[PDB]
Every structure is written in structure tokens, then in C-alpha cells.
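Worksheet: one structure, shown below.
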Amino acid sequence: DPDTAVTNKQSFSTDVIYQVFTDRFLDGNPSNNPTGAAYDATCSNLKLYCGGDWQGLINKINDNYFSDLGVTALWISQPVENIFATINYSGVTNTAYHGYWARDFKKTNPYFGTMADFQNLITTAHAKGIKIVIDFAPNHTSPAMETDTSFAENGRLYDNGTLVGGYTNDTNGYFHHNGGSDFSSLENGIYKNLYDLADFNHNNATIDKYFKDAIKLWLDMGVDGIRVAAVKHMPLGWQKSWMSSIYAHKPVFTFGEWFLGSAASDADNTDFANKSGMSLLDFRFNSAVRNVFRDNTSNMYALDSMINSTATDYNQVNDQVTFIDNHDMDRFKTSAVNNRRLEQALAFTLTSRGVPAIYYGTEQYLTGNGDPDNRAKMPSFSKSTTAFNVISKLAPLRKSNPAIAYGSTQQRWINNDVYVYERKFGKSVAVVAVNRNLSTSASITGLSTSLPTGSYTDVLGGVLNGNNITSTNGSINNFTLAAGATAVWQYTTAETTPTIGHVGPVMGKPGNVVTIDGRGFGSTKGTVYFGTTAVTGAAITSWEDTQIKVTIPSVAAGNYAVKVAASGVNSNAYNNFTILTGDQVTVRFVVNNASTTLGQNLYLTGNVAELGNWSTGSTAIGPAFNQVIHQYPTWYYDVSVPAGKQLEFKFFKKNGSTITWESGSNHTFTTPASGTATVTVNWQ
Ligand SMILES: [Ca+2]
Ligand SMILES: [Ca+2]
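Each step along the sequence shown adds one to the number in mature numbering (1 follows the signal peptide of the UniProt record, and there is no 0), with nothing skipped, and position 164 is 164.
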């Protein structure tokens, strides 16, 4: 199938995700609405259920609302059965409308519909090329007071009808009982209750196994992408393991939510995105967008920097999901913020790198500062807004022009209020000029692009005051960029040499199937490369110009670079493909008597890639924790590592470049062939 097809569950770079709070869109079925004080017909009260369900989405899918808007994927709230109880938080009754307070991940939220309904939604969506992405928060259950069982549903977790256990009298240790996260450390956040949310203990095998089984179900059903919530509050090791489990079943595009409140880098966030096997929601791109266009707190340079700084940190910057607003913040539009700016931030998002998402209601210029005001009911389904217009023109570009989909970004012109940047992938190009100034226009002179000689038209038709240019070998001729103007000029052509635009997913073990997207691969099956290893014949499950489905060859676990060769002509390399050793399990390492100096730390490293193949580098595990689950001088760390394999490992303290290893013999362990396990040792 072409890389653009809805069939491509491994890549959403060519897509436009429409993020929707199911309950707040369209109540297609009233029969499934909550009874009593959990329900609000007018939806005037947002802490309540308004009625929204899957039929309603089915509906807007059939009358082409989404197809006229050009969004190629729907991101809906978590489908799993939530707590039925109502919770008043000091005078105010709250409901699980958001879908965050789960109790059973193997049943569907009846207020959203049935299993048939869901399967009925998955069908209608693919029928029209709309992918379905869902939320899945494996971090916790519902709010739970341990002293008090009469509060909510005491976080009780079921398993397709059968109850596993609640927060109180949790003899087996499913949840964590460390109190709440005061948010001072990464550890404090991971291992402790988020607010009052019942924290799971993924080290517990039944919980480990449960989630593997649960996601497997939803994937088996048709989901194309999964959005993991609260990833900053669950161990990386456990998630990376959860991931390898998913990629072994039906590899789908997964991303997570690690909150950042600025365009500024955060190692932890970078690291995560890079070592977890999943991507993130580009909160730095979002901030950049907003200071510039919404808040007027930064200028175009700040935007250009964020563009570059992010490309350096993230390994696959194209997988980071972008946005202008979302359920975690004030609606972009406000009385002080004007439309052209909203439309400008859209145009920017829609044409920039990564996977873009649009919070439902944006096209309608919905406003609503804070929670749940940023979760207001869907106000209209008109296709007349200027916002609506801009999306329909700019979104299909992601499917038609691969410079948008997989291309690099480089600035041709810039100044405080003006920005002209260029996307390019192979021979294809796209140029976007932006002028945020609402009162003055700009005389752009000397602009150079890589647009072949021609007379170039504004893809937007001047809706956003775009003009027409003329290129003379890159050389664009002196032109005015009107006030609040924005124009998009592109250039597509056929690719002749193979050129990789994507590899999906980018981590797995030998035996898995990965998707290579690009252009020019040709039709006659060629050969793939994982480093120096040539994959050929029946290993290449599929082959065609824009996509190749290949099998991860049985090579040595490590970081590799994928190269493809269509007619002897090798393409470029998609660096950083992580090849595992095989199936993963999660092992909690505990070392005692590890006394560090001020500013010193402990890392893990062993004889397998998962542990860094004896390195003290970035590839080593750590720094280890020492506060919640175990305290200093006892350190601990959960790590994803090959199952049923004899491991050798040794701890080491680093404090400068100066490393200090454990003495004596390497510690050994034979990992479980499945699930999770603990392994305690003493600092030698
Ligand atoms: Ca309903
Ligand atoms: Ca947690």
C-alpha cells in the first residue's frame, strides 16, 4: 500500500490528528447517557457528562465533517470502562467523563458505547481513511483513599468483569502505597501517587501481565495509534518493555505525554523520547508557537531556535506530536488573541515537521481558559470559518508533498515579525513565509529558496493574504508579504533514487516487521541494510516505491542505521534503529552499601546491549534511584532487559568523567523468561 494509506499503522507524519474529548463532541446516542447527577443535558457544567459517544463520531464521519476538514486520524479518549461512581471534591461533583479514572481496561465505557459500537467506529473510520488513535493511561486506576473505602470505588481494578483488587487491603501489592508525589524528584513522581490517583506497582507480575494483555486486546481490535498518558510517572524500563511487547504484536504508532512548560530542553524528556521506543508530545514546539503568536512574549528567532534545538536533541524529531493548544492548557484563542494569529499558528503547525494534532473545536475558534473550560462542548459543525478553510488546504499537503511529511527545515529569511522557512525531501520542496505583524507588511528582498525556476502560486489562495512568487533558480523576486500574511509555495516531482523518509517503529528485536517509508525505492524488490547486514528475498515482506515492509534480521543487539538499495544506488541512512536482544522483561536492580560522595552517582552496565555492553557512556543505566522504593545507601533501578538470558553486570560510581567500578567478580543473574523480577546485590 502506499505510505500514505490508512493501512500504515507505523507512521503518522503524513497525517493530521484531530484530538477529541469524546464526551464533548456529539451525542449520537442518548440511550447511553448517564442517569442522574452525573449527567448534564445542556453541558453547561463541564465536570459532568454531556452525552458524547462513538455513534456521534460515526455520524460526523459519515456526513464528511472530518473529510471536508481533511483530518486523517481521530485521537479519542481512553475507551476502557471507568469508575461508575461520582466524586465531589469540596462541594463539587466530578465524573469520569475524561476517561482517566479506569477500573477495567478490558470492557468499554458504556457512556461511549459497546464493543460492537467500537468495532463499528474502527470500521467506519478506516472506510474513509481516518485512523483511530486512543488514550491509554497504564499509570493508575481512579482516585482512592486508603483509610476510606467509601470514597469513590477505592480504585478497585477489575479484569474483564473479575475484580483483581482495591487500594485498601491490597495485600498483593498491586498499587504503590508510598503516599503522594510532592513532585520534588523524578523518582518521587514515578513511585508515588499522582494527586490521589491509585498508583500501580508494575513490578508486580499480575499488573505487568495485565497491561500487556489489555493493550493486546485493543490492538487486536483495530487501533492504529496509542497515546500513553503520564509517562513521566512510570518507570522507563517498564514502558520500554511494554513497548517491545506491543511492537511484537501489531506495531502501532505510539507517543506519550511528558509535560514541559517551555521550548527549553530537558534531558530527562529528551532521553525518554530517545530510549523508550516511543515518542512525545512536542511541548517545546508548542510553547515556541504560543510565545510568538499567542502571547507576544518572543519573536521569530525564538521559533527558529526551537526548530533547531529540538532537531538536535530528539533522534526522530518527525515523530514528535505538535499542537497549538490541548486539554493541558488555555485555549489558544482568547478575547485578546485574534484569529489571524490562531490561523497562523495552525498554518505553521500543519506545515512544520512532526505529527500535528488539532484539539477539537479549534476550527470553530472555541475559547475556554483552564480546566474544564478548555473542555467545552462542541459549539458548531460549520465549514465556513477561516480556520476550517486553512486546514483543508494545508493538511492534504502532508499526504501529497513529502517535504512536509519527511523533509528537513531550513530558514531562508527571518526577522522579528517575519519568518520564511523551507521544507525539503529529495527533489520535493515547500516554502512558507509568515508575517505576524497585523499592521505592517514586509518588503522581502534577496530571498533564496530551492524552488526550481518557475512562477509559483500560494497554496492557500490568498485566504491568509498570501501572494504569488516567481523563482529564477531559487531566486525569488522582491515581494511584499502583507500584514498578517502567510503564503505557502511548494514543488513536488517524481523521485528517481531511493530516499528514506521514515522507519517505523525504530526499536525492536530480530523477527519483528518494520515499515520503511520514502520515495524512489522502485517496484522491483531490492535490499535493506541494518548496518552492514543485507536483508533480502522473503525477509522483505513487501516492496514498493513509497514503502517497504522488512523483517529485523538476526544481528547483534545494538544501535544500527537502515539503508536501502534500489538498483545498486543506496539511499541515505535512517540512523538510530535500535535492535534488541529479544523479548524483554523488567528487572529491579538493588545494590546495597553504595556510599557515594557529594555529587556522585551509580550506574548499571552489563554484557548485553540492554545494559549498555559494558559502557560508562550514555548507554549505561542510571543514575539509580535511592528514596522511595529503597533508600540510600541502597540504590535501585527498573530496567528492560532480555528475557531468559544469563546477565553479567556491575555497578559503578561516576562524579566527573572519573569512574569507579565495583570490585571482584561481575554479579550474575539469569533473567526470568517473562514478566518482572527483583535482584539484590551488595556493592563489591
Ligand atoms: Ca450518549
Ligand atoms: Ca506511577
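Ideal Cβ positions, reconstructed from N, Cα and C, are used throughout, including at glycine.
- Assigned with DSSP and collapsed to three states, residue 180 falls in strand.
- Its Cα nearest to that of residue 47, the residue 94 stands out among 424, 94, 579.
- Distance from residue 174 to residue 151 at the Cβ level is roughly 18 Å; contact not present, criterion being Cβ atoms closer than 8 Å.
- The set of residues with a C-beta under 6 Å from any non-hydrogen atom of ligand 2 comprises 139, 190, 199, 233, 234, given in chain order.
- The bridge partners DSSP lists for residue 422 are 410, 431.
- Secondary structure at residue 611: helix, using DSSP grouped into helix, strand and coil.
- Counting C-beta atoms within 10 angstroms of its own C-beta, residue 115 has fewer than 16 neighbours from the protein chains shown and is therefore classed as exposed.
- Residue 398 is bridged by DSSP to nothing; it lacks a bridge partner.
- In its chain, beyond the 5 residues on either side, 463 have a beta carbon closer than 6 Å to the beta carbon of residue 389.
- Unbroken alpha helix (DSSP H) stretches of 4 residues or longer found wholly inside the region 211-254: 236-247, given in chain order.
- Straight across, the Cα-Cα distance linking residue 588 with residue 262 is about 33 Å.
- Per DSSP, reduced to three states, the secondary structure at residue 83 is coil, with no helix or strand assignment.
- In the three-state reduction of the DSSP assignment, residue 256 falls in the strand class, which pools E and B.
- In the pairwise beta carbon analysis, the region 360-380 is classified as touching the region 320-332: at least three pairs are separated by under 8 Å.
- In this chain, the beta strand (DSSP E) harbouring residue 638 covers 635-642.
- Short note on residue 511: C-beta not closer than 6 Å to any heavy atom of ligand 1.
- In the three-state reduction of the DSSP assignment, residue 381 falls in the coil class.
- Put simply, of 518, 564, 556, 348 the residue whose alpha carbon is nearest the alpha carbon of residue 529 is 564.
- Residue 191 sits in a helix when the DSSP states are folded into three classes.
- When DSSP states are grouped into helix, strand and coil, residue 473 belongs to the coil group.
- In the structure shown, the three-state DSSP call for residue 683 is coil.
- Cβ-Cβ distances below 7 Å link residue 401 to 428, 430, 490, 492 in the same chain, with the five nearest sequence neighbours on each side left out; the list follows chain order.
- A heavy atom of ligand 1 is found nearer than 6 Å to the CB of residue 27.
- Taking non-hydrogen atoms of ligand 1 into account, the C-beta of residue 261 is found less than 6 Å away from none of them.
- Burial of residue 321 is indicated by the presence of at least 16 other C-beta atoms within 10 angstroms of its C-beta.
- The way I'd put it, the region 243-255 does touch the region 507-514; three or more beta-carbon pairs between them come closer than 8 Å.
- Contact check for residue 190 and residue 235: beta-carbon distance about 6 Å, within the 8 Å limit, so the pair qualifies.
- Contact between residue 134 and residue 226 holds, since their C-beta atoms are separated by about 6 Å, short of 8 Å.
- Under DSSP, residue 519 shares a beta bridge with 499.
- The beta carbon of residue 526 lies closer than 6 Å to those of 565, 566 in the same chain, with the five residues before and after it left out.
- Rounded to whole angstroms, the separation of the alpha carbons of residue 561 and residue 532 is 9 Å.
- In this structure, the beta-carbon distance from residue 306 to residue 284 falls below 7 Å.
- Going by DSSP, residue 451 is part of no alpha helix (DSSP H) at all; its letter is neither H nor E.
- Closest option to residue 544, judged by alpha-carbon separation, among 459, 516, 113: 516.
- CA-CA distance, residue 642 to residue 581, rounds to 6 Å.
- When secondary structure is reduced to three states using DSSP, residue 464 falls in the coil class, being assigned neither helix nor strand.
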